[PDB]
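One file, run07.csv, carrying CSV, C-alpha atoms and all ligand atoms:
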```csv
chain,number,residue,atom,x,y,z
A,526,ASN,CA,48.0,-45.7,-27.2
A,527,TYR,CA,45.8,-47.5,-24.5
A,528,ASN,CA,48.8,-47.8,-22.1
A,529,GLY,CA,47.0,-46.8,-19.0
A,530,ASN,CA,48.5,-43.3,-19.0
A,531,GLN,CA,46.8,-40.0,-19.9
A,532,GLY,CA,50.1,-38.2,-20.2
A,533,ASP,CA,51.1,-39.5,-23.7
A,534,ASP,CA,47.6,-39.7,-25.4
A,535,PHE,CA,48.4,-36.6,-27.5
A,536,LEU,CA,51.2,-38.7,-29.2
A,537,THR,CA,51.3,-38.2,-33.0
A,538,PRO,CA,52.7,-40.2,-36.0
A,539,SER,CA,56.0,-38.3,-35.6
A,540,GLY,CA,56.4,-40.0,-32.2
A,541,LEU,CA,56.1,-36.9,-30.0
A,542,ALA,CA,53.2,-35.7,-27.9
A,543,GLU,CA,51.8,-32.4,-29.0
A,544,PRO,CA,50.9,-30.2,-25.9
A,545,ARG,CA,48.2,-28.6,-28.1
A,546,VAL,CA,45.1,-30.7,-28.8
A,547,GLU,CA,44.8,-28.9,-32.1
A,548,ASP,CA,48.2,-30.0,-33.4
A,549,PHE,CA,47.6,-33.4,-32.0
A,550,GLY,CA,44.3,-33.8,-33.8
A,551,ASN,CA,45.7,-32.2,-37.0
A,552,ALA,CA,48.5,-34.8,-37.1
A,553,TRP,CA,45.9,-37.6,-37.4
A,554,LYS,CA,44.0,-36.1,-40.4
A,555,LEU,CA,43.9,-38.5,-43.4
A,556,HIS,CA,43.7,-35.9,-46.2
A,557,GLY,CA,46.1,-33.1,-47.2
A,558,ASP,CA,43.5,-30.6,-48.4
A,559,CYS,CA,41.7,-30.6,-45.0
A,560,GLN,CA,42.3,-27.4,-43.1
A,561,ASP,CA,44.6,-27.6,-40.1
A,562,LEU,CA,42.6,-26.4,-37.0
A,563,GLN,CA,44.5,-23.4,-35.8
A,564,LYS,CA,42.8,-22.9,-32.4
A,565,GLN,CA,40.0,-24.8,-30.6
A,566,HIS,CA,37.6,-22.3,-29.1
A,567,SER,CA,36.5,-23.7,-25.8
A,568,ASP,CA,33.3,-22.5,-24.2
A,569,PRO,CA,31.5,-21.4,-27.5
A,570,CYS,CA,28.6,-19.7,-25.5
A,571,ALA,CA,30.3,-16.4,-26.5
A,572,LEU,CA,29.1,-16.8,-30.1
A,573,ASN,CA,25.5,-17.3,-28.9
A,574,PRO,CA,25.0,-15.4,-25.7
A,575,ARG,CA,21.3,-16.1,-25.7
A,576,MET,CA,22.1,-19.7,-25.1
A,577,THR,CA,24.4,-19.4,-22.0
A,578,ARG,CA,21.7,-18.9,-19.3
A,579,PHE,CA,19.9,-22.1,-20.4
A,580,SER,CA,23.1,-24.0,-21.0
A,581,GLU,CA,24.2,-23.3,-17.4
A,582,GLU,CA,20.8,-23.9,-15.8
A,583,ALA,CA,20.2,-27.1,-17.7
A,584,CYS,CA,23.7,-28.7,-17.6
A,585,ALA,CA,24.0,-28.0,-13.9
A,586,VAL,CA,21.7,-31.1,-13.4
A,587,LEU,CA,24.8,-33.2,-13.9
A,588,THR,CA,26.2,-31.8,-10.6
A,589,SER,CA,22.8,-31.7,-8.9
A,590,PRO,CA,21.7,-34.3,-6.3
A,591,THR,CA,20.0,-36.5,-8.9
A,592,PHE,CA,23.5,-37.8,-10.1
A,593,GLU,CA,25.0,-37.7,-6.6
A,594,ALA,CA,25.3,-41.5,-6.4
A,595,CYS,CA,27.4,-41.3,-9.6
A,596,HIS,CA,29.6,-38.4,-8.7
A,597,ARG,CA,32.0,-40.7,-6.8
A,598,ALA,CA,31.8,-43.4,-9.5
A,599,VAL,CA,32.6,-41.1,-12.4
A,600,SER,CA,33.8,-37.5,-12.1
A,601,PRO,CA,31.1,-35.3,-13.6
A,602,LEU,CA,33.4,-32.4,-14.6
A,603,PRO,CA,34.4,-33.4,-18.1
A,604,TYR,CA,30.7,-34.3,-18.9
A,605,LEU,CA,29.6,-30.9,-17.5
A,606,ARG,CA,32.1,-29.1,-19.8
A,607,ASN,CA,31.0,-31.2,-22.7
A,608,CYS,CA,27.3,-30.5,-21.9
A,609,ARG,CA,27.7,-26.7,-21.7
A,610,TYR,CA,29.7,-26.8,-25.0
A,611,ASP,CA,27.0,-29.0,-26.7
A,612,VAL,CA,24.0,-26.9,-25.5
A,613,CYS,CA,25.7,-23.7,-26.4
A,614,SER,CA,26.8,-24.7,-29.9
A,615,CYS,CA,24.6,-27.2,-31.8
A,616,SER,CA,21.5,-27.3,-34.1
A,617,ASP,CA,19.1,-28.1,-31.2
A,618,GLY,CA,20.3,-27.6,-27.6
A,619,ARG,CA,17.5,-29.8,-26.3
A,620,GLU,CA,18.7,-32.8,-28.2
A,621,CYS,CA,22.3,-31.9,-27.2
A,622,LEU,CA,21.3,-31.6,-23.6
A,623,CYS,CA,19.7,-35.1,-23.7
A,624,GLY,CA,22.8,-36.5,-25.4
A,625,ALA,CA,25.2,-35.0,-22.8
A,626,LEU,CA,23.0,-36.2,-19.9
A,627,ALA,CA,22.7,-39.7,-21.5
A,628,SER,CA,26.5,-39.7,-22.0
A,629,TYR,CA,27.2,-39.2,-18.3
A,630,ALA,CA,24.4,-41.6,-17.3
B,631,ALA,CA,-4.0,-59.3,-60.9
B,632,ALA,CA,-4.5,-60.8,-64.4
B,633,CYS,CA,-7.6,-58.6,-64.7
B,634,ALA,CA,-5.6,-55.6,-63.8
B,635,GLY,CA,-2.9,-56.7,-66.3
B,636,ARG,CA,-5.7,-56.3,-68.9
B,637,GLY,CA,-6.9,-53.0,-67.4
B,638,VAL,CA,-10.0,-54.4,-65.7
B,639,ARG,CA,-10.2,-53.6,-62.0
B,640,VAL,CA,-12.3,-55.7,-59.6
B,641,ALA,CA,-13.5,-54.8,-56.1
B,642,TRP,CA,-13.3,-58.5,-55.2
B,643,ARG,CA,-12.3,-58.2,-51.5
B,644,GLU,CA,-15.0,-58.2,-48.8
B,645,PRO,CA,-15.2,-58.7,-45.0
B,646,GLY,CA,-16.1,-62.3,-45.8
B,647,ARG,CA,-13.0,-62.8,-47.9
B,648,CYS,CA,-9.4,-61.6,-48.0
B,649,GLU,CA,-9.5,-58.0,-46.7
B,650,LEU,CA,-6.0,-56.5,-47.2
B,651,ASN,CA,-5.8,-55.2,-43.7
B,652,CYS,CA,-3.0,-52.6,-43.6
B,653,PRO,CA,0.1,-52.1,-41.4
B,654,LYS,CA,0.4,-49.2,-39.1
B,655,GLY,CA,-1.5,-46.0,-40.0
B,656,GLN,CA,-1.9,-46.9,-43.7
B,657,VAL,CA,-5.2,-47.2,-45.5
B,658,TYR,CA,-6.2,-49.7,-48.3
B,659,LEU,CA,-6.6,-48.5,-51.9
B,660,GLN,CA,-7.8,-50.8,-54.7
B,661,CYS,CA,-5.8,-48.4,-56.9
B,662,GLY,CA,-3.2,-46.0,-55.5
B,663,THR,CA,-0.2,-44.2,-57.1
B,664,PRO,CA,3.2,-45.7,-56.0
B,665,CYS,CA,5.5,-43.0,-57.2
B,666,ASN,CA,5.0,-40.6,-54.3
B,667,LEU,CA,4.3,-42.9,-51.3
B,668,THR,CA,7.7,-42.9,-49.6
B,669,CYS,CA,9.9,-40.2,-48.1
B,670,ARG,CA,12.6,-41.2,-50.6
B,671,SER,CA,10.3,-39.8,-53.3
B,672,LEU,CA,10.7,-36.5,-51.6
B,673,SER,CA,14.5,-37.0,-51.3
B,674,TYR,CA,15.0,-37.9,-55.0
B,675,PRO,CA,12.3,-35.8,-56.8
B,676,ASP,CA,14.2,-35.4,-60.1
B,677,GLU,CA,14.1,-39.1,-60.7
B,678,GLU,CA,11.4,-40.1,-63.2
B,679,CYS,CA,8.6,-42.5,-62.2
B,680,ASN,CA,5.8,-43.9,-64.4
B,681,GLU,CA,4.6,-47.1,-62.7
B,682,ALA,CA,0.9,-47.7,-62.9
B,683,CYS,CA,-1.8,-47.1,-60.2
B,684,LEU,CA,-2.0,-50.4,-58.2
B,685,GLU,CA,-3.6,-52.1,-55.3
B,686,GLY,CA,-2.0,-51.9,-51.9
B,687,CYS,CA,-1.8,-50.0,-48.6
B,688,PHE,CA,-1.1,-46.3,-48.8
B,689,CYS,CA,-0.7,-43.3,-46.5
B,690,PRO,CA,-3.6,-40.8,-46.5
B,691,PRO,CA,-3.2,-38.1,-49.2
B,692,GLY,CA,-1.2,-35.6,-47.1
B,693,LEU,CA,1.3,-38.0,-45.5
B,694,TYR,CA,4.4,-39.9,-46.6
B,695,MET,CA,5.6,-43.3,-45.4
B,696,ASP,CA,8.7,-43.3,-43.2
B,697,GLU,CA,11.4,-45.9,-42.7
B,698,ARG,CA,9.5,-47.8,-40.0
B,699,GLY,CA,6.4,-47.8,-42.3
B,700,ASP,CA,4.2,-45.3,-40.4
B,701,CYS,CA,2.8,-42.2,-42.1
B,702,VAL,CA,4.3,-38.7,-41.4
B,703,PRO,CA,3.7,-35.2,-42.8
B,704,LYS,CA,6.1,-34.0,-45.5
B,705,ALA,CA,8.0,-31.8,-43.0
B,706,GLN,CA,8.7,-34.8,-40.8
B,707,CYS,CA,10.3,-37.0,-43.5
B,708,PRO,CA,14.0,-37.7,-43.1
B,709,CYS,CA,16.4,-36.9,-46.0
B,710,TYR,CA,18.7,-39.2,-47.9
B,711,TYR,CA,22.1,-38.0,-49.1
B,712,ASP,CA,25.2,-40.1,-50.3
B,713,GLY,CA,23.1,-43.1,-49.0
B,714,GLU,CA,23.0,-41.7,-45.4
B,715,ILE,CA,19.8,-40.7,-43.5
B,716,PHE,CA,19.4,-37.3,-42.0
B,717,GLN,CA,16.6,-36.2,-39.7
B,718,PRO,CA,14.5,-33.0,-40.3
B,719,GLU,CA,16.4,-29.7,-39.6
B,720,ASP,CA,19.8,-31.6,-39.7
B,721,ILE,CA,22.6,-29.4,-40.9
B,722,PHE,CA,26.1,-30.4,-42.2
B,723,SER,CA,29.0,-28.7,-43.9
B,724,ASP,CA,32.2,-30.0,-45.4
B,725,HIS,CA,35.1,-28.4,-47.4
B,726,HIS,CA,33.0,-28.9,-50.6
B,727,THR,CA,29.4,-28.5,-49.4
B,728,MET,CA,26.9,-27.2,-47.0
B,729,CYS,CA,23.4,-28.9,-46.9
B,730,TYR,CA,20.4,-29.2,-44.7
B,731,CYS,CA,17.3,-31.5,-44.5
B,732,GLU,CA,13.8,-29.9,-45.0
B,733,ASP,CA,10.6,-31.3,-46.3
B,734,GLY,CA,12.3,-34.7,-46.9
B,735,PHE,CA,14.9,-33.1,-49.3
A,801,LIG,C1,0.7,-38.2,-54.4
A,801,LIG,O1,0.2,-37.7,-55.7
A,801,LIG,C2,-1.2,-37.6,-55.8
A,801,LIG,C3,-1.5,-37.1,-57.2
A,801,LIG,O2,-1.0,-38.0,-58.2
A,801,LIG,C4,-1.8,-36.7,-54.8
A,801,LIG,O3,-3.2,-36.7,-54.8
A,801,LIG,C5,-1.3,-37.1,-53.4
A,801,LIG,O4,-1.8,-36.2,-52.4
A,801,LIG,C6,0.2,-37.2,-53.3
A,801,LIG,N1,0.6,-37.7,-52.0
A,801,LIG,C7,1.2,-36.9,-51.1
A,801,LIG,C8,1.6,-37.6,-49.8
A,801,LIG,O5,1.5,-35.8,-51.3
A,802,CA,CA,48.4,-43.3,-23.1
```
Spit out the file's structure as structure tokens when you get a sec.
Amino acid sequence: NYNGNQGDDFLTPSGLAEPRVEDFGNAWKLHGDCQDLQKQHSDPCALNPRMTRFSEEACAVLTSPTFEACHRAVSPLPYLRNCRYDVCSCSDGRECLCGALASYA
Amino acid sequence: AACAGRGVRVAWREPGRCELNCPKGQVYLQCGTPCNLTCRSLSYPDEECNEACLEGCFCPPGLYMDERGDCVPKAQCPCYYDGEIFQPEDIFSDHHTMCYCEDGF
């Protein structure tokens, strides 16, 4: 609702804020035959364990000294979570790495 | 062009007059086949094409013309679906479908 507050952004058309991001997002789906998302599986590296070592080692650049000038201008932590998710679960983790780093930059 | 409209083909261009110097990596042909020049021809191969061999700039025999008009191998062509453009090895799935881009299709 662009009101300066995070605490009500999970508002829904029923006028209540869902504490679950899944039920929040489901309440904004435009079509009735779309499946309701039951649970959002954070940290998808469990489904491809081969990817986790690279996902960590590569996305840790966001918290490395190269971004240190930015770390006090924008907090890197959401971008690091997004990066590790992206690299662990996408069609090409190199492109997803570059997209996450570009997103923080 | 009137000659070609009567089936007579003339090699009339010379370095002294009116060389059809080609864009990008393309090469001149006095007569080349239009039906298989573009990556769209890979993306819509079931569509019939019968247009005559004609003068112009064409990709070398193993390469297809991309959106920006340079010539790429068949594997590097993007794919066209519902009027949207997908890069090689792109995947998508939806409640009705699951599709991927390879060899321009
Ligand atoms: C287009 O078709 C001709 C045969 O009609 C073939 O010689 C040529 O290699 C084809 N072009 C490509 C890029 O495959
Ligand atoms: Ca708000």
Give as a PyMOL selection string every residue of chain A that touches chain B within 10 Å, counting only C-alpha atoms. chain A and resi 558-560+615-617
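Counting all atoms listed in the file and comparing A:546, A:629, A:619, A:529, the residue that lies closest to residue A:600 is A:629.
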Could you give me, as a PyMOL selection string, the residues that sit within 12 Å of (46.6, -36.6, -26.0) in the file's coordinates, counting only C-alpha atoms? chain A and resi 526-527+530-537+541-553
To one decimal place in Å, what is the distance between atom CA of residue B:673 and atom CA of residue B:710? 5.8 Å
Mind checking which residues fall within 8 Å of stretch 647-650 of chain B, counting all atoms listed in the file, ignoring those fewer than 4 positions away in the same chain, and posting them as an NGL selection string? :B and (643 or 658 or 686-687)
In Å to one decimal, how far is atom CA of residue B:670 from atom CA of residue B:696? 8.6 Å
Anything within 12 Å of (23.4, -17.8, -26.0): list those residues as a PyMOL selection string, counting only C-alpha atoms and sticking to the file's coordinates. chain A and resi 568-581+609-615+618
Do you know which residues are within 7 Å of ligand LIG 801 (chain A) using only C-alpha atoms and all ligand atoms? Can you write them as a PyMOL selection string? chain B and resi 663+666-667+689-694
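Omitting stretch 586-595 of chain A and its sequence neighbours fewer than 3 positions away, and counting all atoms listed in the file, the residues within 12 Å are residues 579, 580, 581, 582, 583, 598, 599, 600, 601, 602, 603, 604, 605, 606, 607, 608, 609, 622, 623, 625, 626, 627, 628, 629 and 630 of chain A.
For residue B:634, the list of residues within 9 Å, based on only C-alpha atoms and with local chain neighbours fewer than 5 positions off taken out, reads residues 639, 640 and 684 of chain B.
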I'd like the neighbourhood of stretch 711-717 of chain B as a PyMOL selection string, where a residue qualifies if any of its atoms comes within 10 Å (using all atoms listed in the file), though same-chain residues fewer than 5 positions away should be ignored. chain B and resi 673-674+697+706+722+729-732+734-735
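Interatomic distance, atom CA of residue A:597 against atom CA of residue A:620: 26.4 Å.
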Residue nearest residue B:683 - candidates B:659, B:695, B:632, B:701, atoms counted: only C-alpha atoms: B:659
List the spatial neighbours of residue B:679 as a PyMOL selection string - criterion: any atom at most 10 Å away, only C-alpha atoms, same-chain residues fewer than 6 positions off excluded. chain B and resi 664-666+671
Completion step: stretch 583-606 of chain A with N, CA, C and O atoms as a compact mmCIF listing (two decimals), keeping the file's coordinate frame:
```txt
# COMPACT_ATOMS: atom_id res chain seq x y z
N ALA A 583 20.51 -25.75 -17.32
CA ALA A 583 20.20 -27.10 -17.70
C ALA A 583 21.33 -28.10 -17.39
O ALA A 583 21.10 -29.15 -16.77
N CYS A 584 22.56 -27.80 -17.83
CA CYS A 584 23.70 -28.70 -17.60
C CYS A 584 24.05 -28.86 -16.13
O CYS A 584 24.64 -29.88 -15.76
N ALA A 585 23.73 -27.87 -15.28
CA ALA A 585 24.00 -28.00 -13.90
C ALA A 585 23.28 -29.22 -13.21
O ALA A 585 23.64 -29.60 -12.10
N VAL A 586 22.29 -29.82 -13.89
CA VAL A 586 21.70 -31.10 -13.40
C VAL A 586 22.72 -32.18 -13.22
O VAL A 586 22.58 -33.02 -12.34
N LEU A 587 23.77 -32.20 -14.05
CA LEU A 587 24.80 -33.20 -13.90
C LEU A 587 25.52 -33.15 -12.57
O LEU A 587 25.97 -34.19 -12.06
N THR A 588 25.62 -31.97 -11.97
CA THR A 588 26.20 -31.80 -10.60
C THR A 588 25.13 -31.67 -9.54
O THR A 588 25.49 -31.44 -8.38
N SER A 589 23.85 -31.80 -9.88
CA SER A 589 22.80 -31.70 -8.90
C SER A 589 22.65 -33.07 -8.13
O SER A 589 23.30 -34.06 -8.47
N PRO A 590 21.83 -33.10 -7.08
CA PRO A 590 21.70 -34.30 -6.30
C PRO A 590 21.20 -35.56 -7.05
O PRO A 590 21.41 -36.69 -6.58
N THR A 591 20.52 -35.39 -8.19
CA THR A 591 20.00 -36.50 -8.90
C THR A 591 21.11 -37.49 -9.39
O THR A 591 20.89 -38.70 -9.48
N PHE A 592 22.30 -36.96 -9.70
CA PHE A 592 23.50 -37.80 -10.10
C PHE A 592 24.43 -38.04 -8.94
O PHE A 592 25.55 -38.54 -9.18
N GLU A 593 24.05 -37.70 -7.70
CA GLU A 593 25.00 -37.70 -6.60
C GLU A 593 25.57 -39.12 -6.36
O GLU A 593 26.75 -39.27 -5.99
N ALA A 594 24.76 -40.17 -6.55
CA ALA A 594 25.30 -41.50 -6.40
C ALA A 594 26.39 -41.80 -7.45
O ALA A 594 27.28 -42.62 -7.17
N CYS A 595 26.36 -41.14 -8.60
CA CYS A 595 27.40 -41.30 -9.60
C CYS A 595 28.60 -40.47 -9.45
O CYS A 595 29.68 -40.85 -9.93
N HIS A 596 28.49 -39.33 -8.76
CA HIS A 596 29.60 -38.40 -8.70
C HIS A 596 30.90 -38.99 -8.14
O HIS A 596 31.99 -38.53 -8.49
N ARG A 597 30.82 -40.00 -7.28
CA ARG A 597 32.00 -40.70 -6.80
C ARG A 597 32.35 -41.96 -7.58
O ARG A 597 33.38 -42.58 -7.31
N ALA A 598 31.50 -42.36 -8.53
CA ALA A 598 31.80 -43.40 -9.50
C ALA A 598 32.46 -42.94 -10.74
O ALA A 598 33.40 -43.56 -11.25
N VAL A 599 31.96 -41.83 -11.28
CA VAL A 599 32.60 -41.10 -12.40
C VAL A 599 32.57 -39.63 -12.10
O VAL A 599 31.52 -39.09 -11.73
N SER A 600 33.71 -38.97 -12.26
CA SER A 600 33.80 -37.50 -12.10
C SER A 600 32.92 -36.81 -13.12
O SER A 600 33.08 -37.03 -14.32
N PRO A 601 31.99 -35.94 -12.69
CA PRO A 601 31.10 -35.30 -13.60
C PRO A 601 31.73 -34.10 -14.41
O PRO A 601 31.11 -33.62 -15.37
N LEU A 602 32.91 -33.63 -14.02
CA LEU A 602 33.40 -32.40 -14.60
C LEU A 602 33.65 -32.36 -16.06
O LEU A 602 33.23 -31.38 -16.72
N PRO A 603 34.26 -33.38 -16.67
CA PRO A 603 34.40 -33.40 -18.10
C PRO A 603 33.02 -33.41 -18.82
O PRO A 603 32.82 -32.75 -19.85
N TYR A 604 32.08 -34.18 -18.28
CA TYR A 604 30.70 -34.30 -18.90
C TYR A 604 30.00 -32.93 -18.72
O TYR A 604 29.23 -32.56 -19.61
N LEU A 605 30.21 -32.19 -17.63
CA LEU A 605 29.60 -30.90 -17.50
C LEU A 605 30.20 -29.86 -18.51
O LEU A 605 29.46 -29.09 -19.13
N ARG A 606 31.52 -29.88 -18.71
CA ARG A 606 32.10 -29.10 -19.80
C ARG A 606 31.60 -29.42 -21.14
O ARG A 606 31.23 -28.54 -21.93
```
